[PDB]
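To keep things clear, I will list the structure first and then write my remarks on it.
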Amino acid sequence: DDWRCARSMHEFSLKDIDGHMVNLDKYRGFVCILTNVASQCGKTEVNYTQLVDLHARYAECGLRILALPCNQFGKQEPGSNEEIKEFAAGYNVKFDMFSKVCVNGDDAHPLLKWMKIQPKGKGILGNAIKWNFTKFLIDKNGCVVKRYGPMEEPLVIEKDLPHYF
Amino acid sequence: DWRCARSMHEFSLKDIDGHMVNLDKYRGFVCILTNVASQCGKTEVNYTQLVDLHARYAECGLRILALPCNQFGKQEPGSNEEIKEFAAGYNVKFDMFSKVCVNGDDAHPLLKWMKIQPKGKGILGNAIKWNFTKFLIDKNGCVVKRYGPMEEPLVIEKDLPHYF
Amino acid sequence: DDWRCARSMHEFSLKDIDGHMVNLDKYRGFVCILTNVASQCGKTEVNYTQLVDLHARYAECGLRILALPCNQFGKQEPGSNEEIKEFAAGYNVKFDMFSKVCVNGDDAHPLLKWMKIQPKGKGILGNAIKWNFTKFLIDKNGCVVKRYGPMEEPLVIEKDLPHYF
Amino acid sequence: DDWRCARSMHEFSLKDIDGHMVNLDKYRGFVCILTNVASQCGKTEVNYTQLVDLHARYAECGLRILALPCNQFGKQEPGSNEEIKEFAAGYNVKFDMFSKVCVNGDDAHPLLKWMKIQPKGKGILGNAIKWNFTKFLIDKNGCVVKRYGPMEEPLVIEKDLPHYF
């Protein structure tokens with residue numbers, strides 16, 4: 001299952017926060033925000049709160065949010081998936097939390113390896129995820145249409161959602 | 001404060017699935033509460049005898065509340081969901097809870113309250129001494145007996161009929 | 001005398017509380033509640049009271065109750081047969097009391113062996129009687145139609161009686 | 001949504017006994033027995049008993065059972081979804097219970113209209129389900145492969161399962 005031969009995110013699969021394998025074609029026809037999250041980061045609260053806000057105002061517009069806990073940046077996500085799932089519930093998170101994952105390097109999940117090279121998924125000084133809370137906007141056809149940096153608070157994405165709803 | 005509670009039914013625990021369980025649910029049932037561990041020398045003898053007790057007395061009001069704990073030789077290392085599948089291998093049908101602490105300051109309130117009850121006092125101190133200490137909880141949530149880590153669960157059987 | 005081949009309780013005989021053998025085919029045409037009883041159990045008062053009540057109200061509808069003393073559970077029926085008869089009289093029982101028997105093990109009465117292997121009389125984890133005051137509902141043809149555990153108060157059976165009158 | 005254009009059971013959705021919509025696509029890769037059930041029919045006991053035994057013995061091989069309560073046959077499913085769920089729990093039902101559904105006529109669920117016209121789901125005279133506990137054997141790809149009459153006990157299906165496991 002080589003990852004460079006992928007046309008859409010719908011072609012991948014991911015374990016949710018409870019270990020069950022989730023096929024990503026369940027987001028066909030939905031606009032998604034994929035982000036790597038961290039519990040002990042300096043921008044955890046602004047991201048988790050703003051994502052819950054965007055999920056609430058735009059859920060019935062078809063907006064889904066996919067949080068992928070990652071540890072490769074400053075070790076800011078050290079707990080287990082149940083500790084993270086509880087941490088997310090502390091923000092009233094009602095979108096989809098997935099299991100901890102690597103986003104950079106060779107052990108990175110094939111999805112992240114795919115998204116990092118996409119025309120709108122490529123980074124500035126290299127395509128690597130630079131820190132926690134890098135955001136990717138994915139359209140209804142499971143295609144990367146933009147990438148937001150770790151400082152960019154989730155509400156900067158709202159002005160772009162109408163182009164893909 | 002846990003020091004002033006009058007019953008087990010005043011506390012609440014994470015079940016091993018993460019959801020909160022009001023132990024008031026056990027009002028009217030006879031309960032064996034025990035701190036469990038899967039890498040203990042008495043892990044096999046305790047899980048099988050507790051399963052046997054549950055199979056033969058759940059129809060009598062016997063509930064079993066297994067609380068995983070890693071504080072005794074580090075013999076319960078795994079996560080909750082890992083512990084659940086270990087318990088399932090023994091065909092456990094009683095109630096499994098989340099890994100807690102039983103001793104020290106990080107210990108769960110319920111067990112802090114249990115270790116000071118009249119029938120819950122140890123011989124020298126009150127701290128739970130090893131894996132698989134059992135507490136017999138009556139129909140009203142009161143500690144009526146405590147069994148050492150080396151007393152096999154079938155020893156409790158002779159004490160159950162007086163409390164059904 | 002192979003109890004496995006019986007198709008009805010009417011095929012069996014039972015010593016009553018006064019010592020005289022009783023052919024159970026005398027119950028053909030009546031709906032029967034058979035229960036193992038004990039005088040020193042925690043659920044003794046509630047069971048005797050509700051069985052007497054069910055008997056007082058449904059004897060005119062064909063309800064018969066067969067109380068079988070058993071001492072195999074916490075040794076909660078230690079008295080003699082004539083002592084059990086006196087204690088029973090204290091509740092003004094008018095249904096039928098029998099001699100103390102065993103309901104489990106090799107020495108179990110052939111009726112209880114047959115009753116525990118019936119489709120509607122089977123147990124959860126094994127067919128053995130778990131404790132005092134297990135109830136079995138028996139139809140007019142002597143066939144087990146339902147089994148009730150020792151917690152279940154006798155009035156729980158009331159909602160099932162009209163189907164068999 | 002025209003049911004005549006479906007090629008598989010997986011293209012339909014049902015309300016489970018608890019009211020939650022269930023994507024029948026979730027049964028992809030499993031062998032399914034779909035049957036219309038009732039609690040007061042003359043064959044209720046034999047079907048619930050044998051389906052539970054079939055499910056427990058063959059869930060290890062991918063056998064699922066979909067029970068669709070239907071009241072169109074002698075009015076023998078009059079209770080509510082919670083009453084039906086409680087009745088099925090009385091038989092230790094561990095397979096999937098669904099909400100009460102019409103299986104015949106205009107108001108029938110689209111899944112059952114599709115099933116009756118399948119080449120292997122057609123009846124002897126007409127395709128309409130003609131009594132409670134009609135069984136449809138459904139293969140991994142959600143195609144009807146055999147239909148069993150109401151009077152046929154569920155255990156007659158056991159000999160057919162190896163062909164589709």
Side-chain angles (χ1 to χ4, degrees), chain B residues 29-30 32 47-64 90-94 152-164, chain C residues 1-6 9 11-12 14 24 32-44 47 66-78 98-138 142-154 156-157, chain D residues 49 52-53 56 90-92:
Chain B
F29 297 92
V30 178
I32 301 176
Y47 263 99
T48 61
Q49 292 197 3
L50 289 164
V51 159
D52 188 62
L53 281 174
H54 189 66
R56 306 181 11 231
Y57 289 108
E59 261 217 41
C60 304
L62 182 67
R63 289 322 176 245
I64 299 178
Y90 279 92
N91 272 322
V92 159
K93 265 69 171 148
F94 48 83
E152 306 177 357
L154 285 187
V155 174
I156 310 170
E157 214 198 310
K158 83 183 64 142
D159 304 334
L160 296 183
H162 321 73
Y163 295 92
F164 283 154
Chain C
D1 300 343
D2 191 339
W3 53 269
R4 273 217 153 75
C5 304
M9 152 185 97
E11 306 193 32
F12 297 91
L14 251 192
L24 298 179
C32 298
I33 291 170
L34 195 142
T35 176
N36 64 304
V37 306
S39 44
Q40 270 141 309
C41 189
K43 314 156 194 233
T44 292
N47 276 273
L66 293 80
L68 273 62
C70 196
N71 193 46
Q72 293 184 301
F73 307 111
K75 298 210 226 135
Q76 259 147 44
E77 186 74 286
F98 291 77
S99 275
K100 189 189 306 186
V101 287
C102 283
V103 306
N104 291 319
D106 280 342
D107 266 331
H109 194 278
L111 170 62
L112 272 311
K113 289 183 179 171
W114 169 86
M115 257 169 57
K116 277 171 336 177
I117 79 174
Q118 298 314 289
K120 297 303 208 125
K122 271 170 188 311
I124 327 187
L125 298 101
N127 298 329
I129 308 290
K130 301 303 185 293
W131 205 244
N132 299 318
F133 296 109
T134 306
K135 295 94 169 171
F136 294 77
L137 183 59
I138 294 132
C143 301
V144 178
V145 300
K146 202 152 166 186
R147 169 176 175 158
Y148 305 76
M151 276 63 90
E152 293 172 84
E153 253 167 35
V156 177
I157 311 167
Chain D
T49 286
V52 162
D53 166 71
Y91 281 100
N92 310 142

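The figures that follow rest on heavy atoms only: side chains count, while hydrogens, waters and symmetry mates do not. Each chain gets a letter, A, B and so on, in the order its sequence line appears, and its residues count up from 1.
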4.5 Å side-chain heavy-atom contact, C/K43 and C/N132: no
Nearest-0.5 Å distance, CD1 of residue C/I129 to CE of residue C/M115: 6.5 Å
Residue pairs, two or more places apart or on separate chains, that pass salt bridge (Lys or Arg N to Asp or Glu O under 4.0 Å) and touch residues 49-63 of chain B: B/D52-B/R56, B/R56-B/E157
For the student: nearest non-hydrogen atoms of C/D107 and C/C102, plus distance: O-CB, 3.5 Å
Selection residues 113-132 of chain C - residue pairs positive for salt bridge (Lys or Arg N to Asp or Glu O under 4.0 Å), sequence neighbours left out: none
Pairs where residues 106-138 of chain C contributes a residue and the test ring-ring contact (aromatic ring centres under 6.0 Å, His included) is met, not counting sequence neighbours: B/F164-C/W131, C/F12-C/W114, C/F73-C/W131
Salt bridge (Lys or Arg N to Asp or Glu O under 4.0 Å) partners for C/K146, two or more places apart: C/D160
Closest non-hydrogen atom pair, C/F98 against C/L68: CD1-CD1, 3.8 Å
Minimum-distance pair of heavy atoms, taken over all atoms of C/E77 and C/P69: OE2-CB, 3.7 Å
Criterion side-chain contact (heavy atoms from CB on, under 4.5 Å) on B/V51 and B/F94, from CA distance to verdict: CA-CA 8 Å; B/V51 159; B/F94 48 83; 3.8 Å; yes
Gap separating the CG atom of C/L24 from the CE atom of C/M9, nearest 0.5 angstrom: 5.5 Å
Residues in side chain to side chain donor-acceptor pair (under 3.5 Å) contact with C/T35, at least two apart in sequence or another chain: none
Set of residues satisfying side chain to side chain donor-acceptor pair (under 3.5 Å) with respect to C/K135, sequence neighbours excluded: C/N47
Gap separating the CD1 atom of C/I157 from the CD1 atom of C/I33, nearest 0.5 angstrom: 4.0 Å
Shortest non-hydrogen contact between C/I117 and C/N127, atoms and distance: CA-ND2, 4.3 Å
Side-chain touch C/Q118/C/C143, heavy atoms, less than 4.5 angstrom: no
Any donor-acceptor pair under 3.5 Å from C/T44 side chain to C/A38 backbone: yes
Considering all heavy atoms, the nearest C/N104-C/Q72 contact: N-OE1, 3.1 Å
Check against side-chain contact (heavy atoms from CB on, under 4.5 Å), C/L14 and C/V101: CA-CA 9 Å; C/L14 251 192; C/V101 287; 4.3 Å; yes
Non-hydrogen atoms of C/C5 and C/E11 that approach each other most closely: O-OE2, 4.4 Å
Option passing side-chain contact (heavy atoms from CB on, under 4.5 Å) with C/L66 (candidates C/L34, C/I138, C/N36): C/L34
